[PDB]
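**Q** Just the structure for this:
(6 chains)
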Amino acid sequence: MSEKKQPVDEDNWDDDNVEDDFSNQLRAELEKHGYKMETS
Amino acid sequence: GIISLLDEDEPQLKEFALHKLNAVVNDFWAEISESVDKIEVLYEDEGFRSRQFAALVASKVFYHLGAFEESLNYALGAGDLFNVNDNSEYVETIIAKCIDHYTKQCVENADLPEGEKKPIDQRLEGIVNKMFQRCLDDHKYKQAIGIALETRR
Amino acid sequence: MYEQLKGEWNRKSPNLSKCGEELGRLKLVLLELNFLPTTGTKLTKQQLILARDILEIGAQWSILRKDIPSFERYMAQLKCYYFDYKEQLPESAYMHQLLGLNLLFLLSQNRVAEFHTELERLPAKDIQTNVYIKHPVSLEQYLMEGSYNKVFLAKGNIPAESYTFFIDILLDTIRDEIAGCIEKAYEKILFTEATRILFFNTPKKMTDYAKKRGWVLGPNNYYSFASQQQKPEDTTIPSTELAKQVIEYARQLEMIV
Amino acid sequence: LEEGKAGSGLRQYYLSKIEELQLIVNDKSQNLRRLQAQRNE
Amino acid sequence: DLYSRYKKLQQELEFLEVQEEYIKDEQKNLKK
Amino acid sequence: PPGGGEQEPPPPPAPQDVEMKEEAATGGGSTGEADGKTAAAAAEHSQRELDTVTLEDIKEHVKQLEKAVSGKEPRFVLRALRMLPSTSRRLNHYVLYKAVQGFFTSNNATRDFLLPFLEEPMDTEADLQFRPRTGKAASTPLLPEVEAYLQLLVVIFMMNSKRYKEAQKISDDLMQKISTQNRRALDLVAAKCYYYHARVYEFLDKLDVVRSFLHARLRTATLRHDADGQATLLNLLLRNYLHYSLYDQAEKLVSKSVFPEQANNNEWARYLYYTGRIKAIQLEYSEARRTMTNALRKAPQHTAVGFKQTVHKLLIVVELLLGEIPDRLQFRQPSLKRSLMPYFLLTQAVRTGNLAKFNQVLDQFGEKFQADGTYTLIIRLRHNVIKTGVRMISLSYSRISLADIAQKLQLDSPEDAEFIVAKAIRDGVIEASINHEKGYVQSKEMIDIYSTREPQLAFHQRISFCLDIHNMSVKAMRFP
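**A** Numbering: from 1, shown residues only, chains lettered A, B, ... in the order given. Okay, here it is:
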């Protein structure tokens, strides 16, 4: 404005929530998905 | 936390208490809002010598809360200590409100026209002509007739 | 000058007669310096520090005598002393837990908004130090669990001090919550299983609960019958307010119009 | 005068507050009179 | 002087007060 | 030296053009606006005054120094002089100094020279009509002067500027009072100046007595004359009262009123931000979520700069405690992202059902939360993390074992497995019925009531809001 308080101090986002779920969980993932095969 | 000091029985602490109130009441006007209910004890007690001044701090906290007629209620039984102060802002606000109340009551009183009259407290009507003497002393002649138009009497 | 004041503090008091005499002795100071707002010359607050010590023990005597209004009065005085507009004062050894006495009592009164605004003065300091304040905030952490059992493990070891009178109130105010929060809704709970939470051996508190709850008392077991409970449908009861809401809703359509 | 010169400040404030309130009510009357001019059109 | 205008400024308050009833009633009949 | 020597002359006349005609056309226009119309206010040059103050506050302010245009500070504060027919000759004197600076070098007098300068409106005797024009001609050098921040010996001149402004404030309270109209143009200035009060007092000492003065002003506005002033005074109160314990929480309930009408526009919404944090301390989110969201949608268009981003920092806090939170990178700003990185990892681990993941973020990133004072949420948010985990596991599993559920949520013991569910049922978190023998926990899915109650409750907000859009459209449509 700049008056008063402030001088004192589809889209891809909806799916980017789920991507954030993929970031902290199960990586992507390829390698682990391929490593779980020979474990048992 | 000065509100809890009102639980003490001796009134000698109550005079010092009100002496703290009126000094810090500008910032602490909100701090007396929840204490109103404890002020009722000091105003309603007849053996309390400072009730006259208890009504002053009550009328101030009701000035902060936006209470008008409610401040008039304590204004009446606040004694001589209330009308003795003509200084600063608080004296004109209360006489404007009290004369508004008084003049609507007097337009009603002239419509009786007599008989079954409403009770008129000597304090609310005494400050009328009493502060009218200011217009006679200052000799200001425009206001002197205005008050007599207001009371209709 | 004046005194003798702290001479009765080390010895404390055998009864409430010396305590009342200590308040009558402090009444003279309250007539002279009153309570405030004397800045000074901050040396005029030295005897106010000496008054803070006997007010701290005035709250220890207010909880010792169990009186509620006295405790909150003396705590208002202390809290205002650490809230005084001059923050430079000699450090009080009781400054820590004297906030926790009123905090644990406040928690016995169940005040949610005042709890959090109590710690608003020093948020980073209460976490890093003052174990006496770290017990009530861990108690709150355990109250969202809730506890119940974790608090029963922490209630064995408290420094405390003077929290004995408060943790008894905390005791009862938890124990009725066992009964309130167990049902609704659980199908059944075995006898000795509830006896593990009520502690004791075969208390009469569970008999009084067999009265208060009611509810059911079964052999070697218990029951939420019947059933889970009262069976709300609610059938035609909500159809009244379902018509009623549409009444004023249509009124809003007519206000357009 | 204290009755007075400064008490007539509240007194005449009733004139200015009534004229301010009435300036709102008169704005609400002006914008509503455009209605009547238009409906008469 | 002061009280004169004090009693002069509620006139248009009441005049426009009945004007509200005026405009409100007239548009309702004008719709018919 | 030749290059810079020839680059010194061009700059100074650029302000000496615009800044000369700026408050002469704006102040001189508001001079005739203040004599009549004076409706409302409006005084549209008051809004133009906001634009002008913000105009110099980017470029060029007042000074400096610069050894060129520093003579404008005594220039505009001199020569009222005195009555309007005598002011024509003085308006010409302002132009004579342009030839003085064009012929010889310009004279610089500031700092200790400002004491008689600020007292020259009192020496001229007098303006004499417009206190706000003298308050603007005295403040306009003083307001950007705070940008020096030299802190030595000129801050007591800022105290003298509050004293001189208080003289102009005694003249503001005594004069007029009946259709004042100087107060309504001065309430913007009493606002800005009081914010500059707190600005200067933040660099030295908090103001305990200036709040006594401020509250005298505050309560004295009601009822006699308050237009736009008290809305700002309440925010002055709230601003340092939110930073300074205590009780100020319930102080707002006795102040309201509201106070209507909301002004100035966004200036009211930020008030909703301050009280949003306040009402968050009472743990009520439903009242807090709306006041937070309204703050952001009611504030256009920026820039600048970071406070509009911080209000959003605290916006999603109450929603995180709610348990229902949208992903916050839709509001992501290139200047904001870099600031909330630690904070963003916080909400990232909050929405998850892992408790250890959440306890790590407080350890590593608590150092940033100390500066924001946001630890008030970090104690109460744990309740929401456990409630989130149990919600997930409730809908995602038909029948769950209480002993086997503790390993995933690091619940660590069998006993609290019953406790979380006990309060979950008590708060209506899960409808499942639990049997204690082993014990086990079974859950059931009930519906069909569903769209009976929930959509009609939303419709009550939807339709009322749509008819409000209709009323607000009719209001601005009927003006022509």
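
**Q** near chain F, which residues of the stretch 151-257 of chain C?
**A** Neighbours of chain F within the stretch 151-257 of chain C, by C-beta under 8 Å from any C-beta of the partner chain: C:180-182, C:184-190, C:193, C:228, C:238, C:242, C:245-246, C:249, C:252-253, C:255-256. Yep, even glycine has a C-beta here, placed from its N, CA and C like the rest.

**Q** Narrow those residues to those in helices?
**A** C:180, C:181, C:182, C:193, C:238, C:242, C:245, C:246, C:249, C:252, C:253 (DSSP state H).

**Q** Could you report the distance from the nearest residue to residue B:130 once chain neighbours are set aside to residue B:126?
**A** In this structure, residue B:130 finds its nearest non-sequential neighbour in residue B:83, 7.5 Å apart by C-beta to C-beta, 6 or more residues apart in numbering or on different chains. From residue B:83 across to residue B:126, the span is 8 Å (C-beta to C-beta, to the nearest Å).

**Q** Now residue F:435: phi and psi?
**A** Main-chain dihedrals, residue F:435, degrees, to the nearest 10: phi -110, psi 130.

**Q** I'd guessed it sits against residue C:187; true?
**A** Yes. Look at residue F:435 against residue C:187 with C-beta atoms under 8 Å: they come within range, at 4.3 Å.

**Q** between the two, which one's more packed in?
**A** Comparing residue F:435 with residue C:187 by other C-beta atoms under 10 Å in any protein chain shown, the one with more neighbours is residue C:187, at 18 against 13.

**Q** contacting residues around that one?
**A** Residues in contact with residue C:187, defined by C-beta atoms under 8 Å, 6 or more residues apart in numbering or on different chains, are C:223, C:224, F:433, F:434, F:435, F:436.

**Q** Same check on residue F:443?
**A** Each residue near residue F:443 by C-beta under 8 Å, 6+ apart is listed here: F:394, F:397, F:398, F:399, F:400, F:430, F:431, F:432, F:433.

**Q** Residue B:127 is in contact with residue B:85, isn't it?
**A** No. The pair residue B:127 / residue B:85 is not scored as a contact, 11.9 Å apart, by C-beta under 8 Å.

**Q** If you count surrounding residues, which of the two has more?
**A** residue B:127 (19 against 10).

**Q** Which residue does the stretch 51-200 of chain C have closest to chain D?
**A** Per C-beta to the nearest C-beta, the residue of the stretch 51-200 of chain C with the smallest distance to chain D is residue C:85, at 34.3 Å.

**Q** quick one: that residue and residue F:211, what's the gap?
**A** 11 Å.

**Q** same deal with residue C:254?
**A** In terms of C-beta to C-beta, residue C:254 sits 50 Å off from residue F:211.

**Q** quick one: which of the two has more around it?
**A** residue F:211 (19 against 7).

**Q** Please, which helix or strand holds residue F:238?
**A** Counting by DSSP states H and E, the element that carries residue F:238 is helix F:229-243.

**Q** and that helix, what does it pack onto?
**A** Using 3 or more C-beta pairs under 8 Å, 6 or more residues apart in numbering or on different chains; DSSP states H and E, the elements in contact with helix F:229-243 are helix F:182-202, helix F:209-221, helix F:248-255, helix F:266-281.

**Q** what residues are up against residue F:109?
**A** Contacts of residue F:109 by C-beta under 8 Å, 6+ apart are F:70, F:71, F:73, F:74, F:117.

**Q** Could I get the phi/psi values of it?
**A** With angles defined as degrees, to the nearest 10, residue F:109 sits at phi -140, psi 110.

**Q** and the gap between it and chain C?
**A** Look at residue F:109 and chain C: by C-beta to the nearest C-beta, to the nearest Å, they are 39 Å apart.

**Q** next one: residue B:123
**A** Relative to chain C, residue B:123 is positioned 32 Å away (C-beta to the nearest C-beta).

**Q** For that residue, which residues are in contact?
**A** By C-beta under 8 Å, 6+ apart, the contact set of residue B:123 is B:76, B:77, B:83.

**Q** buried set for the host helix or strand of it?
**A** If you go by DSSP H and E, residue B:123 is part of helix B:122-137. Within helix B:122-137, the residues scored as buried using 16 or more other C-beta atoms under 10 Å in any protein chain shown are B:123, B:124, B:125, B:127, B:128, B:131, B:132, B:134, B:135.

**Q** Also compute the angle for the following helix or strand past it relative to helix B:122-137, please.
**A** Using DSSP H and E, the helix or strand that follows helix B:122-137 in sequence is helix B:141-151. Put simply, helix B:141-151 runs at 160 degrees to helix B:122-137, going by axes from the mean of the first three to the mean of the last three C-alpha atoms, to 10 degrees.

**Q** can you tell me if helix B:141-151 touches chain F.
**A** No. Helix B:141-151 does not reach chain F (C-beta under 8 Å from any C-beta); its nearest approach is 14.4 Å.

**Q** send the alpha carbons of that helix over as CSV?
**A** Output of helix B:141-151 as CSV, limited to C-alpha atoms (Å, rounded to 0.1, in the frame of the first residue of the first chain):
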residue,chain,number,x,y,z
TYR,B,141,-26.0,35.2,28.3
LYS,B,142,-26.6,32.7,25.5
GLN,B,143,-26.3,29.6,27.7
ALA,B,144,-28.2,31.2,30.6
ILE,B,145,-31.4,31.1,28.7
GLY,B,146,-30.7,27.7,27.0
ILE,B,147,-30.8,25.8,30.3
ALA,B,148,-34.2,27.3,31.1
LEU,B,149,-35.4,26.2,27.7
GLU,B,150,-34.1,22.7,28.5
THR,B,151,-35.8,22.0,31.9
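
**Q** Spit out the contact partners of the residue of the stretch 51-200 of chain C closest to chain D.
**A** With C-beta under 8 Å, 6+ apart, residue C:85 has these contacts: C:37, C:39, F:208.

**Q** which residue sits closest to residue B:91, ignoring its sequence neighbours?
**A** For residue B:91, ignoring the flanking residues on the chain, the nearest one in space by C-beta to C-beta, 6+ apart is residue B:85 at 6.2 Å.

**Q** For the one you found, grab phi and psi.
**A** phi -100, psi 110.

**Q** How much space separates it from chain F?
**A** 17 Å.

**Q** same deal with residue C:250?
**A** 10 Å.

**Q** burial count for that residue?
**A** 10.

**Q** Next: residue F:155.
**A** Per other C-beta under 10 Å, the neighbour tally for residue F:155 reads 18.

**Q** what's it in contact with, if anything?
**A** Going by C-beta under 8 Å, 6+ apart, residue F:155 touches F:200, F:203, F:204.

**Q** ok so, going back, make a ChimeraX selection of the buried ones in the contacts of residue F:443.
**A** Selection of buried members from these for ChimeraX, criterion 16+ other C-beta under 10 Å:
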select /F:394,400,430,432,433
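
**Q** All set now, cheers.
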